[PDB]
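Colleague: Take a look at this one; I'll ask things after.
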Amino acid sequence: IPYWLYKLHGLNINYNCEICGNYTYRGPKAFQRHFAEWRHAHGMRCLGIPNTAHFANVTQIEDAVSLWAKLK
Amino acid sequence: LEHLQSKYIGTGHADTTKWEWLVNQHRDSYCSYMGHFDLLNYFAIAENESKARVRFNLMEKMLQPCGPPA
Amino acid sequence: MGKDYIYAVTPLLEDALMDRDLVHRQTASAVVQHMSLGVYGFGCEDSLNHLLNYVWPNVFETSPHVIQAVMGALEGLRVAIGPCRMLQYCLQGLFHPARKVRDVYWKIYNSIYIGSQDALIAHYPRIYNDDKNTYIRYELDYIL
Amino acid sequence: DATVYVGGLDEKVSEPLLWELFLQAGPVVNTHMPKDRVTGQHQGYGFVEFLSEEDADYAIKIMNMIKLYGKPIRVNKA
Amino acid sequence: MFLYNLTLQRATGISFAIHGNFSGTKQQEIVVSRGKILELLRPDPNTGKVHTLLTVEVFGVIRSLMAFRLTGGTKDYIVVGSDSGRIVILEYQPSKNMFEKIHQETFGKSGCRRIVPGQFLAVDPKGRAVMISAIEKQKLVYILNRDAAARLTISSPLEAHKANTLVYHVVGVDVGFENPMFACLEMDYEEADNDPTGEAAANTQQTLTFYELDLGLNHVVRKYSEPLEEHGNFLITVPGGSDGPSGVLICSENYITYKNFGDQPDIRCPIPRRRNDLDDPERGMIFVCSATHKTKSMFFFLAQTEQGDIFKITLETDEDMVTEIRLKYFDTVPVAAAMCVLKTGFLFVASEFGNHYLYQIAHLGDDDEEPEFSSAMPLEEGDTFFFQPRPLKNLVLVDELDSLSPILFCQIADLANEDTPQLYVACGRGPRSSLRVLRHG
Amino acid sequence: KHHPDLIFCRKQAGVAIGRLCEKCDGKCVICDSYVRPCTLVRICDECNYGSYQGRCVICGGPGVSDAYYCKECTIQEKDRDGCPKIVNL
Amino acid sequence: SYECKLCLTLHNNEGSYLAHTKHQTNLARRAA
Amino acid sequence: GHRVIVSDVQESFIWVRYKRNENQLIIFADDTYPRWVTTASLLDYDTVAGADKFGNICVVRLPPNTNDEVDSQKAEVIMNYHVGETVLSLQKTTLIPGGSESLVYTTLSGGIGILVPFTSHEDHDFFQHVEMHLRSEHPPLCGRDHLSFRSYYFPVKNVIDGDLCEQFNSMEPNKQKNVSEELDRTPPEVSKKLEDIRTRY
Amino acid sequence: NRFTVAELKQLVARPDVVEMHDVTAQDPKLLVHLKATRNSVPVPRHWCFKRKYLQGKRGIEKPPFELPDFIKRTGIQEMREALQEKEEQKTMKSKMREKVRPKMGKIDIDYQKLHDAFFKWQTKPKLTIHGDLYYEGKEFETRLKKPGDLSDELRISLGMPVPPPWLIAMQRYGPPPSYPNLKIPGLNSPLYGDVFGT
RNA sequence: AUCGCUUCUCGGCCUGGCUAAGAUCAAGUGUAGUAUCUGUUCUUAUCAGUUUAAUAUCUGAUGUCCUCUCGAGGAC
Ligand SMILES: [Zn+2]
Ligand SMILES: [Zn+2]
Ligand SMILES: [Zn+2]
Ligand SMILES: [Zn+2]
Ligand SMILES: [Zn+2]
């Protein structure tokens, strides 16, 4: 495995997502790809909000107070 | 680029402030309302004011656009 | 007289702008510039906007000839289509977080504001008043 | 079990036809349809990795009754 | 769709007007810009009715309109400041009954931009130069000289741009046979933008900046800069030379101050309020419409009050300093955006709403029943002479040119019995409002 | 057909009239085209006055014909941008 | 234009691809 | 019927499906051109007229095959022009007895204009050629271009101004002869065509 | 110094318009307010990529061109390719022989056919929307093919008349869990052509 | 019927004279700038300074007290 890809791909900084088991994935591409996944889709289903575009920016457990069941 | 292009009215840069751009837009809107006869007639004859009184109010509002800077 | 052939040359320029080589994009930008300056005031703004949808992704190029062609094409499109669509393209990127992207967007917006200082007041976006100063002008809300 | 093996198809039903049937029925994140180095033709069976396990379950249960290119397409859990 | 749009009812609301000897003869010519078309009229004062001699559509927005006459010329050339960057000086040809462009000098970009000059236009009183200044931070002045065939030979203007200097009004002062000068109501804007607390915006005030055009030195230099306490909403020039002193008069809310070039008495005359007016006293009275009329020996001014009454003020210059200005309400006229006091018994006031009034000034201006307030008359700085509303005594209204501007709503139908359908337009401002039904035959 | 250098004057135009040599005759002074010579060229200031009387508003040869703007530059009205005489800086 | 898919490299001339025969190390890297 | 087009401060025309029987309000069509429209005159069901605050008349039709029970759909501007004054009201009705059922718009400056739709392609081409000849033969007095003045706010689209057509008949006789030679016709024939266009109403 | 994405989502009415790196901007609220309007366009994706725009293909093949229908109806391509194939077999001796002795009347068809194809047979092409932005893809995902609707090739292959055999199981199984917002017309939302759903 | 030899049919598989080798030849710039070859490239530890949309770049120490002989033990 090379290291120049690990430098100039963002993989040198590992980003954690709290709702998918607080999983720390390498690279910001994986963290920005969590908003369409399998286990983290189950995580936002366990939050109590449907998977919408407004749920495509939330990365915290508290953000479900500003979910689709907040205004109508 | 050019020095007068950056020195032109409505010009800016990559570090231009949002309040400065909003103040320049408001000053340009006031100058366009003062220059245009139809816009001044539409914004003047709607209220009970004279045309020169509306022009003086717009001249005061041009300085009022630099009223609260940050 | 080119308005009979703008619709003919539209897919050729669309295929030319998607090419890998910068020469095709630069010369197609010159095509868009001369076609925009040619038939201005004739209602062909739909194909011009469709060509602008391929030209405006190519503003990140670093070579001087292709970026001069991009700047000339942007000037011709701002003349032909109007400053409202150019302001709509530049409003979401004038306050960009990146320094170089907002610098290029500010250069394009400064060229548009130099060309269209008078017409940008009516095409200014509707932003409400905030805590710094009042922004919504009440003179535009007056009806006679 | 997000990956589902979809078979029972012919040469007319390909990876893009299976992607169109997925866009009709249930979304698949990735497609794995390897081919031989001599023939280079689609066998009609491929691994469609779905975005959710419920999509693969609905493909195996509800969507395993269509006739893809004349043959009955069957989706199994993989 | 392919639409060939044609205007049927022309707009008649004159946003600005000038008058003089623009017809090239002894007949008085008044040119009023009624929007996209400017109409020049030379009506007979003996008949008293106003008739338009010609009308030309320029297809643009005029920000400043002015006229000027050369040294000894019988025709007053009209310099038009439009939204385009080409300032056009034209001479009216009465043989063709139309205006021919003598010259057209490009200055900048088109449209009503902030730094584009053309918002304010003025000319020298000796026919020496014409100055065009922007709303902010741009000014220029081109020397106008007579050619060998008595042609208006234009020149390259000199740059007079200063950083963050807005202009309220400007006028070319009467310098006689010397080098010409122009005064402007400058206002600084750099300190208001620099200071975020807004203290410098309250500390800022309008200043009279008189710049002398050094024609021999081929340069423009600011001669005098006097800061004024009152903000200048208007500015007028007193007729210098043999008709009185050479100076300016700045009007504000119930305060008119006259100052000459140098040490002169600042006669801060209060405005003559109406005798028990029903309007509120919070709204200040300012000279919205000003018209300086110079006679063969003396001179006078006409001002518009808050109620709209035309007030005549004499020029008691007395060759030393501005002593008295007998501000008496000469007549009661309608709500006019601009008023012009011509010679030979003519006085045109362009109404902002309703019919403009062309009155015949048969008297000398002293035929007024209202009281007179003088600048030399002392007061307790709380009231003036209560000028009651007198009738049309000094000037009798002889023409009422009906204008539909401003327009509110309209509806056209063939409900009435006529050769053409009736278009009823409900329009007007304040109590000056009507529904005008128009039908043809 | 341009160069990134050679800013021209950026000065306010005057009554002096531009002038073109035969080596670069017929070119537009801004975009270097040959189509529709519409608007005359004004050269502002002492570009005309003095030893540079009747010279080229381009390279510097002895001028023979009146310089012009093309119609394409005056579509956006670039002719009011200022003096187009090249000053080598 | 000439392209080496094993190297993924474009070539301006024919002799540029004729001299592209590094290519052995790129072929060993792209073999797996 | 089953649709209401409302003019907002930002959007010139927003069409909402007026399902009064279904008791549901859904915006069928939106707009992209920002205009403070102060007038409305629907020439058709999908056509909406707007009079902007900068004095621009814009007639915009909706796109064809547009779903009435959908949203996020724009309407293309069929025509756009600048009248030189702030247009107040507009009504799609015949302002003269007989002739052409045009649209009459009254401006706030005291102007009223009728936008006669040219149903003849040859007459529209002759009018366009006459306008292109007159834009170069007779320059404006203000110095601004006629196409620049008629398209100050937004660019013009399929709009012909009758002021230049009226001023072409008021030109000099040598200029009228040059314009007739450029138009390959007679000056009296051009005056008769302008008189027929005026009498079409 | 700068707030998180939750404060930007609470402050702005559109949390989907907030970017991942918009919080590090100098005016994040103004950028979110400008990005939430109806007529805005996003930044092109090359500002985050190390790769230059449309540059890293380097190994694929493409079709040359697709001419429009009226140009192919004039049929210039047939004798143009015939002339190119005839010139490819020529030698340079024959090339200068034809250079000093030219042969005209090669195509020589008319002027009226091209005049009709330019004017009478002139067809307006397909133009995209004002807010469209082309990127490295944007030529493959042409379904925006509605969800919940089978394709015409799959309907013809399964013998679906215009009653698919799996439509009864799709009606008995309810909506699919992958696309719950997709409505299938005819069985769930009671569909013109092959698009029998949305 | 197996085996070796001979002969023939059918299917993919190596296959253009002589003379003096018949003779002779073969020319562009300059200034900027871009793209592609080829070479050099990228695993030590957290934190801080600078930098950046963010990375990258970027400057500094990489478990302490005592004892024994980079190693071990002790209240730690
Ligand atoms: Zn996650
Ligand atoms: Zn030269
Ligand atoms: Zn040019
Ligand atoms: Zn110069
Ligand atoms: Zn290789």
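Ordering of the structure tokens sets the chain letters (A, B, ...); residue numbers start at 1 within each chain; ligands are numbered from 1 in the order shown.
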Using only C-alpha atoms (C1' of nucleotides) and all ligand atoms, what are the residues with an atom within 8 Å of ligand 2, set out as a PyMOL selection string?

Modeller: chain F and resi 20-25+56-63

Colleague: For the residues in that selection, give me N, CA and C atoms as a short mmCIF file (atom, residue, chain, number, x, y, z; two decimals), in the first residue's frame.

Modeller:
```cif
data_model
loop_
_atom_site.label_atom_id
_atom_site.label_comp_id
_atom_site.auth_asym_id
_atom_site.auth_seq_id
_atom_site.Cartn_x
_atom_site.Cartn_y
_atom_site.Cartn_z
N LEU F 20 -3.82 55.26 -37.86
CA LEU F 20 -3.30 53.91 -38.05
C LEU F 20 -2.28 53.87 -39.17
N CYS F 21 -1.20 53.11 -38.96
CA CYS F 21 -0.23 52.89 -40.01
C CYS F 21 -0.68 51.76 -40.92
N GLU F 22 -0.02 51.64 -42.07
CA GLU F 22 -0.40 50.66 -43.07
C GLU F 22 0.03 49.24 -42.72
N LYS F 23 0.99 49.07 -41.80
CA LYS F 23 1.45 47.74 -41.44
C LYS F 23 0.41 46.98 -40.63
N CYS F 24 -0.40 47.68 -39.86
CA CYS F 24 -1.49 47.09 -39.08
C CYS F 24 -2.81 47.78 -39.41
N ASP F 25 -2.99 48.11 -40.68
CA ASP F 25 -4.19 48.80 -41.14
C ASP F 25 -5.40 47.87 -41.14
N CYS F 56 0.96 56.02 -34.99
CA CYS F 56 0.14 54.83 -34.83
C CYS F 56 -0.37 54.72 -33.40
N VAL F 57 -1.64 54.31 -33.26
CA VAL F 57 -2.20 53.95 -31.96
C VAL F 57 -1.86 52.52 -31.57
N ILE F 58 -1.15 51.81 -32.44
CA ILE F 58 -0.63 50.46 -32.30
C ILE F 58 0.84 50.74 -32.54
N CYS F 59 1.62 49.74 -32.96
CA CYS F 59 3.07 49.54 -32.89
C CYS F 59 3.97 50.77 -32.91
N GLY F 60 3.68 51.74 -33.77
CA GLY F 60 4.40 53.00 -33.70
C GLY F 60 4.87 53.55 -35.02
N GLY F 61 4.36 53.00 -36.12
CA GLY F 61 4.72 53.47 -37.43
C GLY F 61 4.05 54.79 -37.78
N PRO F 62 4.43 55.38 -38.92
CA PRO F 62 3.78 56.62 -39.37
C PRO F 62 2.37 56.32 -39.85
N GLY F 63 1.39 56.93 -39.17
CA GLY F 63 0.00 56.59 -39.42
C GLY F 63 -0.53 57.22 -40.71
#
```

Colleague: At a cut-off of 7 Å around ligand 4, and using only C-alpha atoms (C1' of nucleotides) and all ligand atoms, what residues come up? Please write them as an mmCIF file with N, CA and C atoms, in the first residue's frame.

Modeller:
```cif
data_model
loop_
_atom_site.group_PDB
_atom_site.id
_atom_site.type_symbol
_atom_site.label_atom_id
_atom_site.label_comp_id
_atom_site.auth_asym_id
_atom_site.auth_seq_id
_atom_site.Cartn_x
_atom_site.Cartn_y
_atom_site.Cartn_z
ATOM 1 N N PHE F 8 -2.902 50.493 -21.890
ATOM 2 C CA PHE F 8 -2.824 51.490 -22.948
ATOM 3 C C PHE F 8 -2.665 52.914 -22.423
ATOM 4 N N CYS F 9 -3.733 53.494 -21.869
ATOM 5 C CA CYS F 9 -3.627 54.685 -21.031
ATOM 6 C C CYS F 9 -4.518 54.580 -19.805
ATOM 7 N N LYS F 11 -7.163 56.498 -19.712
ATOM 8 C CA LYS F 11 -7.389 57.923 -19.523
ATOM 9 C C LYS F 11 -8.715 58.331 -20.151
ATOM 10 N N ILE F 43 -8.112 59.508 -28.738
ATOM 11 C CA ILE F 43 -6.826 59.220 -28.106
ATOM 12 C C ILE F 43 -6.457 60.254 -27.041
ATOM 13 N N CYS F 44 -7.484 60.775 -26.367
ATOM 14 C CA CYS F 44 -7.452 61.365 -25.025
ATOM 15 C C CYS F 44 -6.586 62.607 -24.836
ATOM 16 N N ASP F 45 -5.271 62.477 -24.971
ATOM 17 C CA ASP F 45 -4.348 63.434 -24.368
ATOM 18 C C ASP F 45 -3.128 63.624 -25.252
ATOM 19 N N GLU F 46 -1.987 63.944 -24.632
ATOM 20 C CA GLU F 46 -0.685 64.157 -25.271
ATOM 21 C C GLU F 46 -0.079 62.956 -26.010
ATOM 22 N N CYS F 47 -0.808 61.834 -26.090
ATOM 23 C CA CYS F 47 -0.574 60.812 -27.107
ATOM 24 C C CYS F 47 -0.580 61.405 -28.514
ATOM 25 N N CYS F 83 -8.403 55.633 -23.737
ATOM 26 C CA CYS F 83 -7.480 55.740 -24.861
ATOM 27 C C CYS F 83 -6.889 54.378 -25.199
ATOM 28 N N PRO F 84 -6.936 53.954 -26.462
ATOM 29 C CA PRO F 84 -6.325 52.674 -26.863
ATOM 30 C C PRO F 84 -4.901 52.767 -27.401
ATOM 31 N N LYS F 85 -4.216 53.899 -27.256
ATOM 32 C CA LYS F 85 -2.849 53.999 -27.752
ATOM 33 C C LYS F 85 -1.906 53.231 -26.834
#
```

Colleague: Taking the DSSP secondary structure from the backbone, can you list the residues of region 14-141 of chain C that are helix (DSSP H, G or I), as an NGL selection string?

Modeller: :C and (14-17 or 22-38 or 45-60 or 64-80 or 83-91 or 99-115)

Colleague: At a cut-off of 12 Å, can you tabulate as CSV every residue of chain J near chain F together with its closest atom pair and the distance in Å to one decimal, using only C-alpha atoms (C1' of nucleotides) and ordering rows by chain then number?

Modeller:
```
residue,atom,partner,partner_atom,distance
J:31,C1',F:3,CA,10.6
J:32,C1',F:3,CA,8.5
J:33,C1',F:4,CA,10.6
```

Colleague: Give me, as JSON, numbers by chain, the residues of region 148-216 of chain E that a backbone DSSP run labels strand (DSSP E or B).

Modeller: {"E": [152, 153, 158, 159, 165, 166, 167, 168, 169, 170, 171, 172, 173, 181, 182, 183, 184, 185, 186, 187, 188, 207, 208, 209, 210, 211, 212, 213, 214]}

Colleague: Take the residues just selected and output them with N, CA, C and O atoms as a short mmCIF file (atom, residue, chain, number, x, y, z; two decimals), in the first residue's frame.

Modeller:
```cif
data_model
loop_
_atom_site.label_atom_id
_atom_site.label_comp_id
_atom_site.auth_asym_id
_atom_site.auth_seq_id
_atom_site.Cartn_x
_atom_site.Cartn_y
_atom_site.Cartn_z
N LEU E 152 -20.13 75.57 -31.97
CA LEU E 152 -19.78 75.20 -30.61
C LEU E 152 -18.65 74.17 -30.66
O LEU E 152 -18.88 72.96 -30.79
N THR E 153 -17.42 74.65 -30.58
CA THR E 153 -16.25 73.78 -30.59
C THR E 153 -16.02 73.25 -29.18
O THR E 153 -15.63 73.99 -28.28
N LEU E 158 -11.66 68.35 -18.14
CA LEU E 158 -10.66 68.12 -17.10
C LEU E 158 -11.25 67.29 -15.98
O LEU E 158 -12.42 67.46 -15.61
N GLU E 159 -10.44 66.38 -15.44
CA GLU E 159 -10.91 65.46 -14.41
C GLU E 159 -11.06 66.18 -13.07
O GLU E 159 -10.16 66.90 -12.64
N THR E 165 -17.07 61.54 -2.42
CA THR E 165 -17.57 62.92 -2.39
C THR E 165 -18.87 62.96 -3.19
O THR E 165 -18.86 63.16 -4.41
N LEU E 166 -20.00 62.78 -2.50
CA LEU E 166 -21.30 62.86 -3.15
C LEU E 166 -21.65 64.32 -3.42
O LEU E 166 -21.17 65.23 -2.74
N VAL E 167 -22.49 64.54 -4.42
CA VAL E 167 -22.92 65.87 -4.82
C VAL E 167 -24.44 65.93 -4.75
O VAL E 167 -25.12 65.06 -5.31
N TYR E 168 -24.96 66.94 -4.06
CA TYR E 168 -26.41 67.14 -3.97
C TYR E 168 -26.92 68.01 -5.11
O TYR E 168 -27.85 67.62 -5.82
N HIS E 169 -26.33 69.19 -5.29
CA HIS E 169 -26.68 70.07 -6.39
C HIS E 169 -25.46 70.91 -6.75
O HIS E 169 -24.53 71.06 -5.95
N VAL E 170 -25.47 71.45 -7.96
CA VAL E 170 -24.35 72.24 -8.46
C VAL E 170 -24.89 73.27 -9.45
O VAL E 170 -25.88 73.03 -10.14
N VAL E 171 -24.22 74.41 -9.51
CA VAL E 171 -24.59 75.49 -10.42
C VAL E 171 -23.35 76.29 -10.77
O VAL E 171 -22.49 76.54 -9.91
N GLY E 172 -23.26 76.70 -12.03
CA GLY E 172 -22.17 77.56 -12.46
C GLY E 172 -22.43 79.01 -12.10
O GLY E 172 -23.44 79.59 -12.52
N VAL E 173 -21.53 79.60 -11.31
CA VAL E 173 -21.74 80.96 -10.83
C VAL E 173 -21.40 81.96 -11.93
O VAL E 173 -20.69 81.66 -12.89
N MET E 181 -16.47 79.73 -12.80
CA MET E 181 -16.43 78.92 -11.60
C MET E 181 -17.79 78.26 -11.40
O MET E 181 -18.82 78.77 -11.85
N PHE E 182 -17.78 77.12 -10.71
CA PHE E 182 -19.00 76.39 -10.43
C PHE E 182 -18.99 75.95 -8.97
O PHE E 182 -17.97 75.48 -8.46
N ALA E 183 -20.13 76.11 -8.31
CA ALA E 183 -20.29 75.70 -6.92
C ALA E 183 -21.09 74.40 -6.86
O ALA E 183 -21.98 74.16 -7.68
N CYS E 184 -20.75 73.57 -5.88
CA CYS E 184 -21.40 72.28 -5.70
C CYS E 184 -21.65 72.03 -4.22
O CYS E 184 -20.91 72.53 -3.36
N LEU E 185 -22.69 71.26 -3.94
CA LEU E 185 -23.05 70.90 -2.57
C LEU E 185 -22.42 69.54 -2.26
O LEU E 185 -23.07 68.49 -2.33
N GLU E 186 -21.14 69.57 -1.92
CA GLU E 186 -20.39 68.35 -1.67
C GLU E 186 -20.72 67.78 -0.30
O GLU E 186 -21.06 68.51 0.64
N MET E 187 -20.62 66.46 -0.19
CA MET E 187 -20.84 65.75 1.07
C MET E 187 -19.86 64.60 1.14
O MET E 187 -19.81 63.77 0.23
N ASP E 188 -19.08 64.55 2.21
CA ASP E 188 -18.10 63.49 2.39
C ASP E 188 -18.78 62.18 2.78
O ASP E 188 -19.78 62.17 3.50
N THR E 207 -21.25 70.89 2.30
CA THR E 207 -20.31 71.99 2.16
C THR E 207 -20.40 72.57 0.75
O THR E 207 -20.47 71.82 -0.23
N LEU E 208 -20.40 73.89 0.67
CA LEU E 208 -20.39 74.57 -0.62
C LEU E 208 -18.95 74.65 -1.11
O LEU E 208 -18.12 75.35 -0.53
N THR E 209 -18.64 73.92 -2.18
CA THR E 209 -17.31 73.90 -2.78
C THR E 209 -17.40 74.60 -4.13
O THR E 209 -18.05 74.10 -5.05
N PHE E 210 -16.78 75.77 -4.23
CA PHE E 210 -16.73 76.53 -5.47
C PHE E 210 -15.36 76.31 -6.10
O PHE E 210 -14.34 76.68 -5.51
N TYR E 211 -15.35 75.72 -7.29
CA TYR E 211 -14.13 75.45 -8.04
C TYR E 211 -14.07 76.38 -9.24
O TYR E 211 -15.05 76.48 -10.00
N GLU E 212 -12.94 77.04 -9.42
CA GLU E 212 -12.74 77.98 -10.52
C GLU E 212 -12.06 77.27 -11.68
O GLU E 212 -11.03 76.61 -11.50
N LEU E 213 -12.63 77.42 -12.87
CA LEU E 213 -12.09 76.81 -14.08
C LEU E 213 -11.03 77.74 -14.64
O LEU E 213 -11.34 78.74 -15.30
N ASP E 214 -9.76 77.42 -14.38
CA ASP E 214 -8.64 78.21 -14.89
C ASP E 214 -8.46 77.88 -16.36
O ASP E 214 -7.76 76.94 -16.74
#
```

Colleague: Kindly compile the residues surrounding ligand 3 within 8 Å, counting only C-alpha atoms (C1' of nucleotides) and all ligand atoms, and format them as a PDB file with N, CA and C atoms, in the first residue's frame.

Modeller:
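Output contents, as saved in selection02.pdb:
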```pdb
ATOM      1  N   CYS F  28      -9.015  46.104 -35.632  1.00  0.00           N
ATOM      2  CA  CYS F  28      -9.654  46.716 -34.478  1.00  0.00           C
ATOM      3  C   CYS F  28      -8.599  47.039 -33.433  1.00  0.00           C
ATOM      4  N   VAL F  29      -8.774  48.170 -32.748  1.00  0.00           N
ATOM      5  CA  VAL F  29      -7.775  48.599 -31.774  1.00  0.00           C
ATOM      6  C   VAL F  29      -7.852  47.832 -30.466  1.00  0.00           C
ATOM      7  N   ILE F  30      -8.936  47.099 -30.226  1.00  0.00           N
ATOM      8  CA  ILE F  30      -9.129  46.359 -28.984  1.00  0.00           C
ATOM      9  C   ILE F  30      -9.014  44.856 -29.211  1.00  0.00           C
ATOM     10  N   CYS F  31      -9.902  44.289 -30.025  1.00  0.00           N
ATOM     11  CA  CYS F  31      -9.974  42.846 -30.196  1.00  0.00           C
ATOM     12  C   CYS F  31      -9.263  42.350 -31.449  1.00  0.00           C
ATOM     13  N   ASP F  32      -8.624  43.258 -32.204  1.00  0.00           N
ATOM     14  CA  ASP F  32      -7.765  42.960 -33.366  1.00  0.00           C
ATOM     15  C   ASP F  32      -8.504  42.204 -34.470  1.00  0.00           C
ATOM     16  N   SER F  33      -9.760  42.568 -34.696  1.00  0.00           N
ATOM     17  CA  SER F  33     -10.546  41.951 -35.749  1.00  0.00           C
ATOM     18  C   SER F  33     -10.577  42.848 -36.982  1.00  0.00           C
ATOM     19  N   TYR F  34     -11.311  42.405 -38.004  1.00  0.00           N
ATOM     20  CA  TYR F  34     -11.394  43.127 -39.268  1.00  0.00           C
ATOM     21  C   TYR F  34     -12.840  43.312 -39.716  1.00  0.00           C
ATOM     22  N   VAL F  35     -13.798  43.185 -38.803  1.00  0.00           N
ATOM     23  CA  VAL F  35     -15.216  43.162 -39.140  1.00  0.00           C
ATOM     24  C   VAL F  35     -15.866  44.444 -38.651  1.00  0.00           C
ATOM     25  N   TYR F  69     -12.992  51.377 -34.013  1.00  0.00           N
ATOM     26  CA  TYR F  69     -13.467  50.249 -33.234  1.00  0.00           C
ATOM     27  C   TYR F  69     -14.324  49.360 -34.120  1.00  0.00           C
ATOM     28  N   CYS F  70     -14.338  48.072 -33.803  1.00  0.00           N
ATOM     29  CA  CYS F  70     -15.245  47.171 -34.487  1.00  0.00           C
ATOM     30  C   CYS F  70     -16.630  47.253 -33.855  1.00  0.00           C
ATOM     31  N   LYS F  71     -17.609  46.643 -34.526  1.00  0.00           N
ATOM     32  CA  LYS F  71     -18.965  46.635 -33.990  1.00  0.00           C
ATOM     33  C   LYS F  71     -19.094  45.691 -32.801  1.00  0.00           C
ATOM     34  N   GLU F  72     -18.248  44.659 -32.740  1.00  0.00           N
ATOM     35  CA  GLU F  72     -18.336  43.689 -31.656  1.00  0.00           C
ATOM     36  C   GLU F  72     -17.846  44.263 -30.332  1.00  0.00           C
ATOM     37  N   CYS F  73     -16.833  45.134 -30.355  1.00  0.00           N
ATOM     38  CA  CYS F  73     -16.415  45.789 -29.118  1.00  0.00           C
ATOM     39  C   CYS F  73     -17.410  46.851 -28.675  1.00  0.00           C
ATOM     40  N   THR F  74     -18.098  47.490 -29.615  1.00  0.00           N
ATOM     41  CA  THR F  74     -19.113  48.475 -29.276  1.00  0.00           C
ATOM     42  C   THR F  74     -20.471  47.848 -29.001  1.00  0.00           C
TER      43      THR F  74
END
```

Colleague: Could you pull the residues within 10 Å of region 12-27 of chain G, counting only C-alpha atoms (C1' of nucleotides), minus those fewer than 6 positions along the same chain, as a ChimeraX atom specification?

Modeller: /G:1-6 /J:35-38

Colleague: With only C-alpha atoms (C1' of nucleotides) and all ligand atoms counted, collect every polymer residue having an atom within 7 Å of ligand 1; state the result as a list in words.

Modeller: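 Going residue by residue within 7 Å of ligand 1, we get residues 17, 18, 19, 20, 23, 31, 34, 35 and 40 of chain A.
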
Colleague: Any chance you can output those residues with N, CA, C and O atoms as a short mmCIF file (atom, residue, chain, number, x, y, z; two decimals), in the first residue's frame?

Modeller:
```
data_model
loop_
_atom_site.label_atom_id
_atom_site.label_comp_id
_atom_site.auth_asym_id
_atom_site.auth_seq_id
_atom_site.Cartn_x
_atom_site.Cartn_y
_atom_site.Cartn_z
N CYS A 17 -18.09 8.99 13.07
CA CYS A 17 -19.52 9.26 12.98
C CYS A 17 -20.19 8.61 14.18
O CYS A 17 -19.99 7.41 14.42
N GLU A 18 -20.95 9.40 14.93
CA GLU A 18 -21.47 8.96 16.22
C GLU A 18 -22.62 7.97 16.09
O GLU A 18 -22.78 7.10 16.95
N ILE A 19 -23.41 8.08 15.03
CA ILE A 19 -24.68 7.37 14.98
C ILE A 19 -24.49 5.97 14.41
O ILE A 19 -25.19 5.02 14.80
N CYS A 20 -23.52 5.79 13.52
CA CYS A 20 -23.16 4.45 13.04
C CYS A 20 -22.15 3.76 13.95
O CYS A 20 -21.06 3.37 13.53
N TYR A 23 -18.30 5.02 14.57
CA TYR A 23 -17.25 4.40 13.78
C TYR A 23 -16.32 5.46 13.21
O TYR A 23 -16.76 6.48 12.68
N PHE A 31 -16.72 9.63 5.26
CA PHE A 31 -17.64 10.33 6.17
C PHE A 31 -18.72 11.08 5.40
O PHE A 31 -19.87 11.15 5.85
N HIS A 34 -21.19 8.43 4.24
CA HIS A 34 -22.12 7.85 5.22
C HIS A 34 -23.58 8.23 5.03
O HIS A 34 -24.46 7.50 5.49
N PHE A 35 -23.88 9.36 4.38
CA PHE A 35 -25.28 9.78 4.29
C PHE A 35 -26.11 8.95 3.30
O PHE A 35 -27.33 9.13 3.25
N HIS A 40 -25.49 2.99 8.61
CA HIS A 40 -25.78 4.34 9.08
C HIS A 40 -27.16 4.81 8.64
O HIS A 40 -27.75 5.68 9.29
#
```

Colleague: At what distance in Å, to one decimal, does CA of residue 288 (chain E) lie from CA of residue 88 (chain H)?

Modeller: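 Separating CA of residue 88 (chain H) from CA of residue 288 (chain E) is a distance of 26.8 Å.
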